[PDB]
Amino acid sequence: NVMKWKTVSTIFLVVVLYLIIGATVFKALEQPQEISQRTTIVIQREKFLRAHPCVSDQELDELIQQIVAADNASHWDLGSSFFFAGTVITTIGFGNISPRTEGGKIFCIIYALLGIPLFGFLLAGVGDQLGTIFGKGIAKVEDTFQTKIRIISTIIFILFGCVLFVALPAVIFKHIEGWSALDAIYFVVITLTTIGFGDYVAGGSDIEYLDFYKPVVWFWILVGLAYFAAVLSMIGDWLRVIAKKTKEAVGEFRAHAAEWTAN
Amino acid sequence: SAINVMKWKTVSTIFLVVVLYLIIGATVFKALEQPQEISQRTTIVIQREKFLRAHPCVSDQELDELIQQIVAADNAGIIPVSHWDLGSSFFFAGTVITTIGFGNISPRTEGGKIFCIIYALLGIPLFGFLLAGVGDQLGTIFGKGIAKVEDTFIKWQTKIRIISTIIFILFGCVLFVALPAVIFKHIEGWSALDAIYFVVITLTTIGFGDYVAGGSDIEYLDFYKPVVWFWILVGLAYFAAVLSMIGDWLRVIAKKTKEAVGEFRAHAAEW
Ligand SMILES: CS(=O)(=O)Nc1ccc(C(=O)NCc2ccc(Cl)cc2Cl)cc1
Ligand SMILES: CS(=O)(=O)Nc1ccc(C(=O)NCc2ccc(Cl)cc2Cl)cc1
Ligand SMILES: CCCCCCCCCCCC
Ligand SMILES: CCCCCCCCCCCC
Ligand SMILES: CCCCCCCCCCCC
Ligand SMILES: CCCCCCCCCCCC
Ligand SMILES: CCCCCC
Ligand SMILES: [K+]
Ligand SMILES: [K+]
Ligand SMILES: [K+]
Ligand SMILES: [K+]
Ligand SMILES: [K+]
C-alpha cells in the first residue's frame, strides 16, 4: 500500500531554502572585503613594480606563476604524515597537506574507505564511555532538584560541554597558536563538526612547542568529536520537535481562518 | 557495572588498534610522498637562486616578504570573477552543511565566521534529515528493483543476500563513481585517477579541497553544477551505506579473527 508518500520533498525544499538564505548572508558578509582586498592587492603589485622597477611585469608574472605552482606542494615528516592519516579517518580533512602521487592518492582512497569505518567504532565507544561518565555526573546530582528538570540537566550538559571541549581548548589555542579569541572558537567548531576547511590548523606555523601540545590536541579531537556528535544529534531532535510544533501551529492558524471565514 | 568493564576493554583495544592503524598509514604516506616533496623542495630553491642571482636587486632580503603576501593572498586565491558571488556562496553553504568543507574559499570576516558557526550548528543536523530521507528513498528504489532480480535467481535465503549486495556495489560504483568521475575527467579536464580521487574524497565527506568540481571557473555549462548537487545529494547517501557496510565487515573480520587468535593460542600447532 504505497501510501508511503515522499516526506523527503518537504525537507529538500527546507534545505534548498536554507542554502539560499545562507548564500545571501555570506555574500553580504564576504563580498565587501573581497573587493577591498582585490584592490589592495592591485595596489601592492603596482607598488612592487615601481618600488622595484628592477623587476618588470614580464619577470613578475613568471614569479607569480612559479609560486602558484609551489603552492601545489618539513611536510610528510615523522608526525605530519601521521596527522594526515588523522584527517583522513576523522574526515576533518583540513587539506593543508594532501597526496600528490598517484600511489598516495590510491592509498588514501583505500586508507579512507577502511579507516573511517574503523574510527567510527572507536568514536562510538569513546562516546558511550563519555556518555556513561556523564552518566556518573548528571543524573546522580541532578536528581536533587517530569520534563521540567530534563531541561536543566541538558543545560548542565551543553554548558560544561562547551567549557571542557570548546572554552578551554579555545583558550589554549588562543595563547599557543596565536589566534584570535574568535579564530580559536571558529577552529574548534570547524574541526569538531568535521567541516575542516583547513584555513586554520592547530599545527601549521612551522613549529613552536613539543611533547605536551599535539598529544593533547589529538585526544581533544578524539573526545571533542564525540561531543559534537552528541550535540548535533540533540539539535537534530530539537529541530524535529520544532517541526511538529510548527506543523500543529499551522493547522492551528488554518482552523481559525476557516472557522472565521465561515462567518 | 559488570558490563562496564568489558565495554571499556573493547574501547581500549579499539583505540590501540586505531593508533597502530595511524602508524601504518603515516609510514606509507611518508615513504610515498616525502621523496617528491624533497625533489620539489630542492628544485624550488634552485629557482630562488636563479631568481636571486640573475638580479639580486635591493629587495633580495625583501623577497620572502612578497611570498608571504601572496601566500596570504593565496588563501583568498587572488588572481594577480568573485568567489563570493551569488552562486559561489551557495556552494559554500553546501560545503558547510555537508561537512565536506573543501575550504578553497572560506570566510574572512568576523561576521562571516560567526554566522558560519551558527550556520553549521543548525545546518548540519538539518541536512542530516534530508540525507536520511534521500537514503531511505533510494533504499526503497533498490528494494523495488532487488525484488525483480532476486526472483530470477530464486529459480533454484542466506546465500542470495550476497548476490544482492554485489549488484548494489556494482550499480553503486557505476552510477555514483564511474559515470560522475568520467564527466569530471572530460569537463574539469581531470585525469582518470583525479576524478575518482575527487569522488571518494568528496562523498566520504573528507573534502581535502585539492580538487573541486568547479574550483576552476573554466566555462561550466549551465546545468553542470545543478547536476553535481544532485550527485552530491545521492552520492553522500550512497557512501553512508557503503561505509556502514564496510564497518560490518570489519566487525565480522574483527570478531572472527579474534577467535582465530584464541584458536591459535590454544593449539599452537599441538604445542
Ligand atoms: C603543518 S604540518 O602538516 O606540515 N605539520 C603537522 C602539524 C600538526 C600536526 C598535528 O598533529 N596537529 C594536531 C591534530 C591532529 C590530528 C587532527 Cl585530525 C587534527 C589536528 Cl589539528 C601534525 C603535523
Ligand atoms: C571555485 S569557486 O568557489 O570560486 N566557484 C564555484 C565553483 C564550483 C561550484 C559548484 O557548484 N561545484 C559543485 C558542488 C556543488 C555543491 C557542493 Cl556541496 C560541492 C560541489 Cl563540488 C560553485 C561555485
Ligand atoms: C584506476 C583504478 C583504480 C582502482 C583503485 C580502487 C581500489 C578499491 C579497493 C577497495 C578496497 C576496500
Ligand atoms: C534560527 C532559526 C531556527 C529555525 C531553523 C528552521 C527550522 C524550521 C523547521 C520547520 C520544519 C517544517
Ligand atoms: C530559516 C528556514 C525557514 C525558517 C522557518 C520557516 C519554515 C516554515 C516551513 C513551513 C512548513 C509547514
Ligand atoms: C591491518 C592494519 C593493522 C591491523 C592488523 C592487526 C591489528 C592488531 C592484531 C589483532 C590484535 C588482537
Ligand atoms: C572503481 C572502484 C570503486 C570502489 C568503491 C568501493
Ligand atoms: K562523519
Ligand atoms: K566531515
Ligand atoms: K571535512
Ligand atoms: K575538509
Ligand atoms: K579542506
# chains A, B, ... in the order shown; residues from 1 in each chain; ligands from 1
$ residues_near_ligand --ligand "ligand 2" --cutoff "6 Å" --atoms "only C-alpha atoms and all ligand atoms" --output "PyMOL selection string"
chain B and resi 83+87-88+91+94-95+212-217+225+228-229
$ select_by_dssp --residues "region 8-251 of chain A" --states "alpha helix (DSSP H)" --output "VMD selection string"
chain A and resid 8 to 51 57 to 72 80 to 89 102 to 133 138 to 142 149 to 162 168 to 173 181 to 192 214 to 251
$ interface_residues --of "chain A" --to "chain B" --cutoff "7 Å" --atoms "only C-alpha atoms" --output "VMD selection string"
chain A and resid 8 11 to 12 15 19 to 20 22 to 23 26 to 27 29 to 31 54 76 to 77 81 to 82 85 to 86 88 91 to 95 98 to 99 101 104 to 105 109 113 117 to 119 122 125 to 126 186 189 194 to 199 232 to 233 235 to 236
$ residues_near_ligand --ligand "ligand 4" --cutoff "7 Å" --atoms "only C-alpha atoms and all ligand atoms" --output "list in words"
residues 239, 242, 243, 246 and 247 of chain A; 122 of chain B
$ atom_distance --atom1 "CA of residue 106 (chain A)" --atom2 "atom 12 (C, counted along the ligand's line) of ligand 3"
10.7 Å
$ residues_around --residues "region 171-173 of chain A" --least-positions-apart "2" --cutoff "10 Å" --atoms "only C-alpha atoms" --output "number ranges by chain"
A: 166-169, 175-181, 183-185, 187-188, 202, 213, 217
$ write_last_selection --atoms "N, CA, C and O atoms" --output "compact mmCIF listing (two decimals), in the first residue's frame"
# COMPACT_ATOMS: atom_id res chain seq x y z
N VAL A 166 35.13 23.22 24.31
CA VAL A 166 35.16 24.41 23.46
C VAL A 166 35.87 25.57 24.14
O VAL A 166 36.80 26.16 23.58
N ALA A 167 35.44 25.92 25.36
CA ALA A 167 36.02 27.06 26.06
C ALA A 167 37.51 26.86 26.32
O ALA A 167 38.35 27.59 25.79
N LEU A 168 37.85 25.85 27.13
CA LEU A 168 39.25 25.63 27.48
C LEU A 168 40.13 25.43 26.25
O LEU A 168 41.09 26.20 26.07
N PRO A 169 39.86 24.46 25.38
CA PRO A 169 40.74 24.28 24.22
C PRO A 169 40.83 25.51 23.34
O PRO A 169 41.87 25.74 22.71
N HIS A 175 46.34 31.26 23.05
CA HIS A 175 47.70 31.56 23.50
C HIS A 175 48.74 30.82 22.67
O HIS A 175 49.64 31.44 22.09
N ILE A 176 48.63 29.50 22.60
CA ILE A 176 49.68 28.70 21.97
C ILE A 176 49.77 29.01 20.48
O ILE A 176 50.85 29.29 19.95
N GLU A 177 48.63 28.96 19.78
CA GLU A 177 48.65 29.12 18.33
C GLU A 177 48.74 30.57 17.88
O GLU A 177 49.09 30.83 16.73
N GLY A 178 48.45 31.53 18.76
CA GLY A 178 48.45 32.92 18.36
C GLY A 178 47.28 33.23 17.45
O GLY A 178 47.45 33.76 16.35
N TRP A 179 46.08 32.88 17.91
CA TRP A 179 44.85 33.06 17.17
C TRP A 179 43.93 34.02 17.93
O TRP A 179 44.08 34.23 19.13
N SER A 180 42.98 34.59 17.20
CA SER A 180 42.02 35.48 17.82
C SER A 180 41.10 34.71 18.77
O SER A 180 40.93 33.50 18.66
N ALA A 181 40.52 35.44 19.72
CA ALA A 181 39.50 34.84 20.57
C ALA A 181 38.41 34.20 19.73
O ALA A 181 37.91 33.12 20.05
N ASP A 183 38.88 33.47 16.28
CA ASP A 183 39.54 32.50 15.42
C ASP A 183 39.66 31.14 16.10
O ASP A 183 39.49 30.09 15.46
N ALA A 184 39.96 31.14 17.40
CA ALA A 184 40.06 29.89 18.14
C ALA A 184 38.74 29.13 18.11
O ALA A 184 38.67 27.98 17.65
N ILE A 185 37.67 29.77 18.60
CA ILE A 185 36.37 29.10 18.65
C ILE A 185 35.93 28.69 17.25
O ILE A 185 35.31 27.63 17.06
N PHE A 187 37.94 27.72 14.80
CA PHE A 187 38.65 26.48 14.56
C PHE A 187 37.98 25.30 15.26
O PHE A 187 37.78 24.23 14.66
N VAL A 188 37.64 25.47 16.54
CA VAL A 188 37.07 24.37 17.31
C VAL A 188 35.84 23.80 16.62
O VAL A 188 35.71 22.59 16.43
N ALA A 202 45.66 23.45 13.76
CA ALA A 202 46.31 23.58 15.06
C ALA A 202 47.78 23.17 15.03
O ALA A 202 48.38 23.08 16.12
N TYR A 213 51.62 19.29 23.59
CA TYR A 213 50.57 20.03 22.91
C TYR A 213 49.84 19.18 21.88
O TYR A 213 48.61 19.04 21.97
N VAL A 217 45.95 17.91 21.86
CA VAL A 217 45.05 18.25 20.76
C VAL A 217 44.45 17.00 20.15
O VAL A 217 43.24 16.93 19.90
$ atom_distance --atom1 "CA of residue 72 (chain A)" --atom2 "CA of residue 56 (chain A)"
25.0 Å
$ atom_distance --atom1 "atom 5 (C, counted along the ligand's line) of ligand 5" --atom2 "CA of residue 14 (chain A)"
8.2 Å
$ residues_around --residues "region 169-176 of chain B" --least-positions-apart "6" --cutoff "8 Å" --atoms "only C-alpha atoms" --output "mmCIF file with N, CA, C and O atoms, in the first residue's frame"
data_model
loop_
_atom_site.group_PDB
_atom_site.id
_atom_site.type_symbol
_atom_site.label_atom_id
_atom_site.label_comp_id
_atom_site.auth_asym_id
_atom_site.auth_seq_id
_atom_site.Cartn_x
_atom_site.Cartn_y
_atom_site.Cartn_z
ATOM 1 N N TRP B 231 24.184 14.803 -7.715
ATOM 2 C CA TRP B 231 25.207 13.789 -7.479
ATOM 3 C C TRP B 231 25.654 13.773 -6.023
ATOM 4 O O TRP B 231 25.723 12.713 -5.389
ATOM 5 N N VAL B 234 22.973 12.381 -3.572
ATOM 6 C CA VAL B 234 22.700 10.952 -3.614
ATOM 7 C C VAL B 234 24.012 10.201 -3.430
ATOM 8 O O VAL B 234 24.034 9.080 -2.908
ATOM 9 N N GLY B 235 25.117 10.818 -3.852
ATOM 10 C CA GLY B 235 26.419 10.214 -3.618
ATOM 11 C C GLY B 235 26.751 10.094 -2.142
ATOM 12 O O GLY B 235 27.248 9.059 -1.688
ATOM 13 N N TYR B 238 24.827 7.330 -0.689
ATOM 14 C CA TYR B 238 25.399 6.052 -1.096
ATOM 15 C C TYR B 238 26.586 5.669 -0.217
ATOM 16 O O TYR B 238 26.627 4.563 0.332
ATOM 17 N N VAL B 242 27.704 2.382 2.076
ATOM 18 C CA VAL B 242 28.917 1.614 1.804
ATOM 19 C C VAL B 242 29.837 1.629 3.019
ATOM 20 O O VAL B 242 30.342 0.587 3.456
#
$ closest_residue --among "A:240, A:192, A:147, A:79" --to "ligand 10" --atoms "only C-alpha atoms and all ligand atoms"
A:192
$ closest_residue --among "A:17, A:156, A:3, A:63" --to "residue 137 (chain A)" --atoms "only C-alpha atoms"
A:156
$ closest_residue --among "B:20, B:260, B:178, B:241" --to "ligand 3" --atoms "only C-alpha atoms and all ligand atoms"
B:178
